[PDB]
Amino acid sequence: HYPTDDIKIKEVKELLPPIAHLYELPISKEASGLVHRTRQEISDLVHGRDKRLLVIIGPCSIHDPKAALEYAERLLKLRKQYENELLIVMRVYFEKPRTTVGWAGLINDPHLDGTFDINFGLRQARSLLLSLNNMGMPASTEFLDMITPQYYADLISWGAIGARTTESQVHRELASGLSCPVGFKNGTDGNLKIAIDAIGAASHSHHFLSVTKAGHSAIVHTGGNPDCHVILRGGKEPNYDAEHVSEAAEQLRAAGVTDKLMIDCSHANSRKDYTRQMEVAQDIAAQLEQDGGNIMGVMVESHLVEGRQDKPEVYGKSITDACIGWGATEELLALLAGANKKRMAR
């Protein structure tokens, strides 16, 4: 009898089911209110019912809950100060996808040492998200697979599907059943069609495989997600300017989906240079002042301390993509608030 099963598998270990984490860390009344309200506020921006600017802002990746919470406390002050112009939500992404081998993020490898203590990672991720919502700071994340959402999607006010997965049938099927609004990034080399197609597909009912809250293999039947939109993040060339926004809007209208979109100030739009995020933001600010009718949001990579480092040595500094520091964040947010204040006069 020749072996055919699990030939290239080192180990398959049981995980605690979602319901174990939900039992220890139930969503509170106040967190559930914030999540509910923020999802609705964001849908209003997606569909042009309100003209505040969504701002998804925070670290490239979370590697230290302490720093994240300090960041959120500073950010909360500005979320409140600018609440008539901006809808500020913290970027709480646990991993950056990789081609070359490297750190698998705070959920998969919380101890930053290759031990892959995923039960601890998921618990810590849920704990941080609950703490954020409890302090008044809504959270956003990218969903990389079809199982992690069951552990903490209830605490997420906006979700992303990344460039590497926007075209994936199963990730679009996932998006169609996510409780939050969902942004789809354009493709790595700039392809907008995959994102426009994703919004259309995610609006419909689908089935996909995942687990129950009790941790058992399941088929999920979704209702469709009416609150999806594109995220422009460059690729071919940066696509943040008025010309590119106009062309994307045209193509969105041709497909019969929302022509309100988000612009990422970082990644391929900054050309991996954190010092250009302000320049992109300045360009968007000028669009918002002149007209900017198709913009509903921006994304910004921001941390306590600017730049990046290979090892987690400096407190509050990214170990993935380089981020603007806190002082520059204050400036960038003041810029956008002032420009959108003007746009809202119309």
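For every residue, the number given is its place in the sequence shown, counted from 1.
Worksheet item: Would 159-167 or 78-86 have the larger average of its C-alpha temperature factors, as given in the entry?
Response: Looking at the record's C-alpha B-factors, the answer is 78-86.
Item to complete: Look up the CA B-factors in the entry and say which stretch, 148-156 or 235-243, has the higher mean.
Response: So the stretch with the higher mean C-alpha B-factor is 235-243.
Practice prompt. From the list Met278, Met299, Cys60, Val35, select the residue with the highest C-alpha B factor recorded in the entry.
Written response: Reading the PDB entry, the winner on C-alpha B-factor is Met278.
Worksheet item: Per the entry, which of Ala255, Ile219, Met262, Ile194 tops the list for Cα B factor?
Response: The record points to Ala255.
Discussion item. Where does the C-alpha B-factor of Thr99 rank in its chain, lowest, middle or highest third?
Written reply: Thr99: CA B-factor falls in the highest third of its chain.
Worksheet item: Comparing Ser127 with the other modelled residues of its chain, is its CA B-factor in the lowest, middle or highest third?
Response: Middle third of the chain for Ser127's C-alpha B-factor.
Discussion item. How does the C-alpha B factor of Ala268 compare with the rest of the chain: lowest, middle or highest third?
Written reply: Ranked within chain, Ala268 CA B lands in the middle tercile.
Discussion item. Please say which third, lowest, middle or highest, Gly114 falls into when its CA temperature factor is compared across its chain.
Written reply: Tercile = highest for this residue's CA B-factor.
Worksheet entry | Within-chain third of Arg308 by Cα B-factor, per the entry | CA B-factor rank for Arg308: highest third.
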